[PDB]
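Worksheet for the structure shown next.
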Amino acid sequence: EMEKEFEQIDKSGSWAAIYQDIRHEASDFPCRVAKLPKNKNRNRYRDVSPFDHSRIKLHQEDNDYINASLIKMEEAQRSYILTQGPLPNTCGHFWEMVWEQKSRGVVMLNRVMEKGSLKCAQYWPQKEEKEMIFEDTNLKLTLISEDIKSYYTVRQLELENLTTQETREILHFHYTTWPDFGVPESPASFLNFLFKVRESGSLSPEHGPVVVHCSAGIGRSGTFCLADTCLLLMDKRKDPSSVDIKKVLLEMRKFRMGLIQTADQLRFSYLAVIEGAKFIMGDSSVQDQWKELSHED
Ligand SMILES: Cn1nc(-c2ccccc2)cc1NS(=O)(=O)O
Ligand SMILES: [Cl-]
Ligand SMILES: [Cl-]
Ligand SMILES: [Cl-]
Ligand SMILES: [Cl-]
Ligand SMILES: [Cl-]
Ligand SMILES: [Mg+2]
């Protein structure tokens with residue numbers, strides 16, 4: 001049971017050891033496509049690749065490769081697409097994947113510039129009047145509106161298939177204050193953001209899998225999906241005791257390497273799930289309290 005286990009690990013000071021055992025137990029599957037010489041410029045990080053079995057295939061034609069994985073959580077019945085922050089030459093492929101996979105929401109957990117370096121291309125338009133046209137993949141993208149909060153922004157985008165003239169609405173949830181190899185400021189601030197995402201309808205099974213990315217699409221991304229999946233699992237069952245967090249994380253790591261990148265992100269995951277279980281188990285009031293504690297205005 002997660003809270004008792006939490007207290008025990010904390011007491012004995014063993015988060016590093018718990019987290020290293022997850023790393024040693026994690027699946028190791030090939031990534032031969034990601035490593036094809038022709039794909040080298042499609043990859044942000046040498047050592048972060050999608051497994052071949054789980055990779056998202058683009059429906060071109062010339063090169064179906066994108067660094068994106070489908071994390072398909074069978075028992076939870078939710079999927080997520082985890083991807084690296086798009087590169088200057090992969091922004092058209094990224095929107096192509098969103099279109100082909102029928103995603104309604106993209107959760108971005110990083111900034112474009114972190115620590116002085118460019119960790120993600122500016123893949124969405126920051127002004128209504130300056131849309132983006134991705135000529136390679138025949139798509140256009142328009143900022144429709146944005147809602148700017150203290151630590152996150154929600155943007156409404158319109159994606160258009162230029163070939164068919166079909167248009168879809170895409171919600172962009174942008175967490176701007178989650179440091180790389182770091183944790184959110186509090187469980188409240190993380191949960192307030194997660195439930196904004198849930199509220200939008202973007203995780204509905206009527207839509208394709210939500211796209212989640214940070215820079216490498218593994219540490220901040222894995223932290224997000226983990227907490228969400230664990231909360232979903234206990235909601236299904238109405239039973240917090242039935243959720244084994246480390247097991248869920250190991251199941252996720254069958255689909256993408258390196259999910260959750262520090263011991264403290266693991267520890268933060270347990271805090272978020274333990275705190276969010278209050279909501280799942282019937283205390284609707286805590287939602288209002290997370291909003292306050294998050295200082296979103
Ligand atoms: C910036 N970065 N770099 C990694 C990583 C891990 C192993 C090898 C190379 C990069 C993960 C991450 N970031 S995160 O996934 O964006 O939080
Ligand atoms: Cl940014
Ligand atoms: Cl900086
Ligand atoms: Cl970039
Ligand atoms: Cl950072
Ligand atoms: Cl790892
Ligand atoms: Mg303006």
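Laboratory data are not the source of any read-out in this text; all were calculated from the coordinates shown. So basically every Cβ, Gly included, is an ideal-geometry build from the backbone, and we count neighbours across all protein chains shown.
Want the number for residue 244 to residue 163: 0.36 nm per residue separation, take away the alpha-carbon distance, what's left?
Answer, rounded to one decimal: 24.5 nm.
Antiparallel versus total DSSP beta bridges in the chain: what percent is that, nearest 5?
Values: 31 of 42 bridges.
Here the share of antiparallel DSSP bridges comes out near 75 percent.
Between region 9-80 and region 97-130, the alpha-carbon centres lie 20 Å apart. Could you tell me the calculated FRET efficiency between residue 122 and residue 4, based on Cβ-Cβ distance and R0 = 45 angstrom, to the nearest 0.05? In this case the efficiency is close to 0.50. Given their separation in residues at 0.36 nm each and the Cα-Cα distance between them, residue 176 and residue 20 gain 53.3 nm when the chain is fully extended.
Near residue 293, once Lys and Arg are set to +1 and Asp and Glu to -1 for all other residues with Cβ below 14 Å from its Cβ, the sum equals -3.
Other residues with beta-carbon under 11 Å from the beta-carbon of residue 261 carry, at +1 per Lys or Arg and -1 per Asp or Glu, a net charge of 0.
Pairs exceeding a 20 Å alpha-carbon distance, out of 4/278; 72/246; 38/254; 11/278: 38/254; 11/278. Would you mind counting up the charge near residue 96? Only other residues with Cβ under 15 Å from its Cβ, with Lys and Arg at +1 and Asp and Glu at -1. Local net charge: -2. Structure remark: mean-square fluctuation, Gaussian network model of the chain, C-alpha springs under 10 Å; the largest value among 246, 11, 196 belongs to 11.
In terms of the Cα gyration tensor, with a ≥ b ≥ c the square roots of its eigenvalues, is region 193-246 rounded because a/c is under 1.5, prolate because a/b exceeds b/c, or oblate? Oblate, because a/c is 1.5 or more while a/b does not exceed b/c.
In percent, rounded to a whole number, the relative contact order of the chain is 24, using alpha-carbon pairs under 8 Å and six or more apart. Modelled this way, with points 7 Å down the Cα-to-C-beta line, the labels at residue 74 and residue 136 are 3.5 nm from one another. Straight-line cross-link partners of residue 102 among the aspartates and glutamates, defined as a Cα under 14 Å from its Cα and at least 8 positions apart when in the same chain: 158, 160, 166, 169, 206.
Region 137-159 and region 217-251 have Cα centres spaced 28 Å apart. Extension gain for residue 295-residue 206 works out to 28.8 nm (0.36 nm per residue, less the C-alpha to C-alpha distance). Sorting 262-271, 15-24 by average packing, meaning the other beta carbons within 10 Å per residue, from highest down gives 262-271, 15-24. Approximating the spin labels as points 7 Å out from Cα along Cα→Cβ, the residue 237-to-residue 148 distance works out to 4.4 nm.
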